[PDB]
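Enquirer: Chains as they are written, first to last, in UniProt numbering: chain A, 32 to 80; chain B, 130 to 178; chain C, 32 to 178.
C-beta atoms are modelled at their ideal positions from N, C-alpha and C, and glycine is treated no differently.
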Ligand SMILES: [Ca+2]
Ligand SMILES: [Ca+2]
Ligand SMILES: [Ca+2]
Ligand SMILES: [Ca+2]
Ligand SMILES: [Ca+2]
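#1: List the whole-angstrom C-beta distance separating residue 46(A) from residue 162(B), where the pair is believed to meet the contact cut-off of C-beta under 8 Å.
#2: Please list the residues of the stretch 134-148 of chain C that have a C-beta atom closer than 8 Å to any C-beta atom in chain E, keeping them in chain order.
#3: Using a C-beta cutoff of 8 Å, does residue 161(C) count as contacting chain A?
#4: For residue 130(C), I'd like the list of residues in its chain whose CB is within less than 6 Å of its CB, leaving aside the five on either flank, ordered along the chain.
#5: Alpha carbons only, please: which of 54(A), 71(A) and 36(A) is nearest the one belonging to residue 124(C)?
#6: Tell me which same chain residues have a C-beta within less than 6 Å of the C-beta of residue 154(C), skipping the five on either side of it?
#7: From residue 165(B) to residue 157(B), what does the alpha carbon distance come to, in whole angstroms?
#8: Report buried or exposed for residue 142(B), applying the criterion of at least 16 other Cβ atoms within 10 angstroms of its Cβ.
#9: With hydrogens ignored, establish whether the beta-carbon of residue 49(C) is closer than 7 Å to any heavy atom of ligand 4.
#10: Secondary structure at residue 142(B), three-state DSSP: helix, strand or coil?
#11: With a threshold of 7 Å (Cβ to nearest heavy atom), would residue 142(C) be considered close to ligand 1?
#12: Which residue marks the beginning of the alpha helix (DSSP H) containing residue 104(C), and which one marks its end?
#13: Does the pairing of the stretch 93-101 of chain C with the stretch 67-74 of chain C give three or more beta-carbon distances under 8 Å?
#14: Run down chain C in chain order and give the residues with a C-beta less than 7 Å from the C-beta of residue 48(A).
#15: Apart from the five residues on each side of it in sequence, which residues of its chain come closer than 7 Å, Cβ to Cβ, to residue 87(C)?
#16: Thinking C-beta only, is residue 119(C) closer than 8 Å to residue 147(C)?
#17: Using 8 Å for Cβ pairs, my map puts residue 134(C) next to residue 59(C). What's the rounded Cβ distance?
#18: Give the secondary structure of residue 110(C) by DSSP, where H, G and I count as helix, E and B as strand, and everything else as coil.
#19: Using the rule of at least 16 other Cβ atoms within 10 Å of the residue's Cβ for burial, across every protein chain shown, is residue 92(C) buried or exposed?
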């Protein structure tokens, strides 16, 4: 007696939470400790991490 | 569409007990849901002898 | 005998109470204590805990637009001033100066779920000979998009 509207459903959800990367900074204080940078000087400074 | 039948039985078919079974080929219209639908057939004895 | 008007009802309510974020400010008095800022001097000033962003239990993604409004006034006092917004857990997501005035620091589900502190690191050189007291520095925090 009923004319069914033939439509059933399925569903799902997608969760995009974080950003791809975290650029953790540990800044450099390049004259350093137990060192010295003078005017006109020339050299190299290294920070591994 | 074609609504009338004219089944006729003769002296051999009656003298053994005439059963008339039904075989129904059906396709239900799309999505229709019913319960206890009636089917009524009128049996007229037109000519006996 | 009655011809029923066949309509029944269901209902519900949605409660949106709070705003997504609380930008707790603890302002900085940068000449500090037991320190000294002189005219023409050059240096650095650091405040580890300056803007604490406190979220509610649902908010996970926040996009903050930090904006420096009185920079054109401080241009008459400073020669270069560079503010680094020391972000959530070591990241530095924001950099403001007298010229480039807008930042777009954005926090996601890991940075909020641990308590987001935004410190300030300021690199400054005071214009030659200028002597002031209690100069204001005001930054507009706009929450542009939350989720
Ligand atoms: Ca992150
Ligand atoms: Ca007859
Ligand atoms: Ca007879
Ligand atoms: Ca609030
Ligand atoms: Ca939104």
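Expert: This is what the structure holds:
#1: Not really, about 39 Å apart at Cβ, beyond 8 Å.
#2: In the displayed structure, chain E is absent; the protein chains listed are A, B and C.
#3: no
#4: none
#5: 54(A)
#6: 75 and 113
#7: 14 Å
#8: So residue 142(B) counts as exposed.
#9: yes
#10: helix
#11: yes
#12: 102-105
#13: no
#14: Simply 91, 139 and 140.
#15: 49 and 51
#16: yes
#17: Residue 134(C) to residue 59(C), Cβ: 17 Å. No contact.
#18: strand
#19: buried
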